[PDB]
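Just the one chain here, laid out as structure tokens, in the form deposited in one PDB entry.
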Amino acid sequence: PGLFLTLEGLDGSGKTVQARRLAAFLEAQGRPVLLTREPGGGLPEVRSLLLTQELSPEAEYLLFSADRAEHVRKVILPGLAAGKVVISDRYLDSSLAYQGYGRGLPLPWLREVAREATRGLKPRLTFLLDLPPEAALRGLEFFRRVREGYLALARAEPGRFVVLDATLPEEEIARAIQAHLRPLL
């Protein structure tokens, strides 16, 4: 009986660091953990390809969906099956925020593509590290659409999303994630 958790937000919102800290917290409790990430957790070559080329949004989404399809089947589901807590730095919500709200693809089609790609795997909890694009540690209108897109997703699924102020000190954010998670272990 595994537990699937995801972290979401702009690049530079603290995803990595908080994924790393949440893993250390679970290691400290003796709970087996698997840290992973998208894009590249399924097809690393999708990540590298897309560093240097820009494609239509449709094609970008489909490449990311291929990668996600492999990631789910070869990494996440097997980790869950072994009773691990599997933490993904980015998952489907990234595509919905970036390719959907950001680049304007229709959300119902994105979700229908995803339904087979993910085999319907949804995280139990998703932590959204929210901040404005100007506060991210690592064009402007686009990033605002993405940030507001994540907030919209979060509003629609208040039982799944936990929204944190990503401008808070690292350590504080980590303790809030822990408090949110304690009931589910």
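Residue numbers run from 1 along the displayed sequence.
Student: Count of coordinate-less deposited residues separating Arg138 and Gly139, as none, 1 to 3, 4 to 9, or 10 or more?
Tutor: Missing in between: 10 or more residues.
Student: Averaging the C-alpha B factors as listed in the entry, name the stretch that ends up higher: 80-88 or 98-106.
Tutor: Looking at the recorded C-alpha B-factors, 80-88 comes out higher on average.
Student: Averaging CA B factors per stretch from the PDB record, which one is higher: 116-124 or 45-53?
Tutor: Mean C-alpha B-factor is greater for 45-53.
Student: According to the deposited entry, which of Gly30, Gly159, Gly40, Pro132 has the largest Cα B-factor?
Tutor: Among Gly30, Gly159, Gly40, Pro132, the PDB entry lists the largest C-alpha B-factor for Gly30.
Student: Looking at the C-alpha B-factor of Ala174, is it in the lowest, middle or highest third of its chain?
Tutor: Tercile = highest for this residue's CA B-factor.
Student: Split into thirds by Cα B-factor across the chain's modelled residues, where does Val17 land: lowest, middle or highest?
Tutor: It falls in the top third of the chain.
Student: Which third, lowest, middle or highest, does the CA B-factor of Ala166 fall in along this chain?
Tutor: Answer is middle: the recorded C-alpha B-factor places it there.
The form solved in complex with a small molecule exists for this protein as well; it is not shown, and the discussion that follows is about that form.
Student: Among 151-159, 116-124, 62-70, 23-31, which stretch has residues whose heavy atoms lie within 4.5 Å of the small molecule in the deposited bound form?
Tutor: After filtering at 4.5 Å, what remains is 62-70.
Student: Taking the shortest heavy atom distance, is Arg144 within 4.5 Å of the small molecule in the deposited bound form?
Tutor: Judged by the heavy-atom cut-off of 4.5 Å, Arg144 is well away from the small molecule in the deposited bound form.
Student: I'd like to know whether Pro39 contacts the small molecule in the deposited bound form, with contact meaning heavy atoms within 4.5 angstroms.
Tutor: Because a heavy atom of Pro39 falls inside 4.5 Å of the small molecule in the deposited bound form, the answer is yes.
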